[PDB]
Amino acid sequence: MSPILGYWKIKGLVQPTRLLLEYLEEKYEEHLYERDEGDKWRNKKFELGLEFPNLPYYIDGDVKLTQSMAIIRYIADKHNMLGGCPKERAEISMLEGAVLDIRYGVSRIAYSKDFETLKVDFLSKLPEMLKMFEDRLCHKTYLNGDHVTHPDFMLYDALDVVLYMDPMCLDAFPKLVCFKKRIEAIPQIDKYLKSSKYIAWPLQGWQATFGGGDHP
């Protein structure tokens, strides 16, 4: 019984988790809820044995989890990727949070009718946020050094998303540009992005003003 990953058929909160599973070459099945299957989800929500019913959820022979960050960290933890000591684990958790400020920064304004105006303010703040990652990568192949960790896939997802908002937001950040290409150069990832399992759109929920809809 291979693990089941449930979520809307969008990138959203679970995309980084998918990339991690693919990177690790872990077998898994997905239960994807289409745009008109909310009803299907509601009728199963409290019937899966989940303590805190939500999307995404992860069910396998050992656990039943919800909360996207708990799920991605569980998968990484099962592969001894969370960090070898408190200091290292904290570094990795700090990177997570830093990436979320960007990813969630996008989603918080993506559902507004005044997206364009909010976008201006967000994009004026994005540079400073990106620069901390740029500096972090000037002497490191990946966020935690020579080896890939789950925050790398989180950052990748965030970069993919902001590049849709503004294709030139990385022009002043060559290391981030190269980092994104480097992630796509990982064999498992390249294979995944080219497979039928890859969900390129939407970024947020279908109803979103930005990153929504059925097509880019």
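Take the two forms, superpose them, and find the largest set of C-alpha atoms that agree within 1.5 Å; that set is the rigid core. In case it trips you up, residue 1 is the first one in the sequence shown, and so on.
Participant: For a rigid core alignment of each structure in 9 other deposited structures of this protein onto the shown form, which stretch has the higher root mean square Cα deviation: 58-66 or 26-34?
Facilitator: Of the two stretches, the larger average C-alpha offset in 9 other deposited structures of this protein falls on 58-66.
Participant: Out of 151-159 and 37-45, which shows the greater rigid core-aligned C-alpha deviation in 9 other deposited structures of this protein?
Facilitator: If we average over structures and residues in 9 other deposited structures of this protein, the farther stretch is 37-45.
Participant: On mean C-alpha B-factor from the PDB entry, just flag whether 107-115 or 125-133 is the higher one.
Facilitator: On average, C-alpha B-factors are higher across 107-115.
Participant: Using the B-factors recorded in the PDB entry, average over the C-alpha atoms of 180-188 and of 30-38, then report which stretch comes out higher.
Facilitator: Per the PDB record, 30-38.
Participant: According to the deposited entry, which of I102, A90, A76, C138 has the largest Cα B-factor?
Facilitator: Top of the list by C-alpha B-factor: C138.
Participant: Specify which of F173, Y156, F46, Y57 carries the largest Cα B factor in the deposited PDB entry.
Facilitator: Among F173, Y156, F46, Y57, the PDB entry lists the largest C-alpha B-factor for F46.
Participant: Relative to the other modelled residues of the same chain, rank the CA B-factor of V148 and answer lowest, middle or highest third.
Facilitator: Middle third, going by the recorded CA B-factors of the chain.
Participant: Among the modelled residues of this chain, does the Cα B factor of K194 put it in the lowest, middle or highest third?
Facilitator: Highest third.
Participant: Consider only the C-alpha atoms of the modelled residues in this chain, order them by B-factor as the entry records it, and name the third containing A200: lowest, middle or highest.
Facilitator: Highest third of the chain for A200's C-alpha B-factor.
Participant: Name the third of the chain's ranked CA B-factors that contains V162, choosing lowest, middle or highest.
Facilitator: Lowest third - that is where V162 ends up once the chain's C-alpha B-factors are sorted.
Participant: Determine, from the deposited record, the chain-internal third of the Cα B-factor for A70: lowest, middle or highest.
Facilitator: Lowest third - that is where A70 ends up once the chain's C-alpha B-factors are sorted.
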